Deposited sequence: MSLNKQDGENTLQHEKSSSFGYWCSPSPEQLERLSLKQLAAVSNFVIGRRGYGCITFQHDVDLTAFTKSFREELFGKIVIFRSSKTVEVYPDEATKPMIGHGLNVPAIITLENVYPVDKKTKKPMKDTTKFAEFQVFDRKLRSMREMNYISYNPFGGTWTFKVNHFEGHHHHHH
C-alpha cells in the first residue's frame, strides 16, 4: 500500500540467516508518508516468513495521522540494540501545525518549528513548511 524497502523483499530472500542478522543500509518507507533510514545494521531474522507481510504495515506502520510506529505490539519488540530497535533517521511528510497547512501564516510555522526543535526523543534535523517535511533522528524505538 505504497510501502517499500531496500534491500527489497525479494532481495532479502537471498540472504542466509547469518547475513539476515546484520543487514546493512536498510531503509523502509511508505510513499506519501515518509521513510526510515537505519543508522546501524539491522536484524531481520524475525521476519523470514514474509518480509513483505511482516514489515509492510504490521511491524512498521506509516499512518494517516502523520506518524510512524515500529513494533506497535509490545510482544514483538526486542531490546534496544536488537532487531529494528536501533538508531534511525526519519522523514515524515505532511506534518503541519494544528491542521494548519497555510504557509502565508509564517509566524505560526515558526512557533511549530520551535516546538519541533525542542523535542527530546525525536532529535530535530530539519523541517520544511512547504510540504510539511520533518526530519529527525531517534536512538531506538522503545
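Missing from the model, relative to the deposited sequence, are the ranges 1-19, 118-123, 168-174.
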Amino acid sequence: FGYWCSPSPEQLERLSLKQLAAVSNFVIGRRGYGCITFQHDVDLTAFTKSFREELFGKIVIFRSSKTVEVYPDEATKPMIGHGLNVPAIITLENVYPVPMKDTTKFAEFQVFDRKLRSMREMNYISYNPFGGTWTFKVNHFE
From here on, numbers count along this sequence of modelled residues.
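The stretch with the higher mean CA B factor, choosing between 20-28 and 116-124, is 116-124.
Remark: stretch with higher mean C-alpha B factor among 37-45 and 73-81 is 73-81. If you compare the C-alpha temperature factors of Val60, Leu92, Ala88, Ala107 in the entry, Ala107 comes out highest. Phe1 sits in the highest third of its chain by CA B factor, as recorded in the PDB entry.
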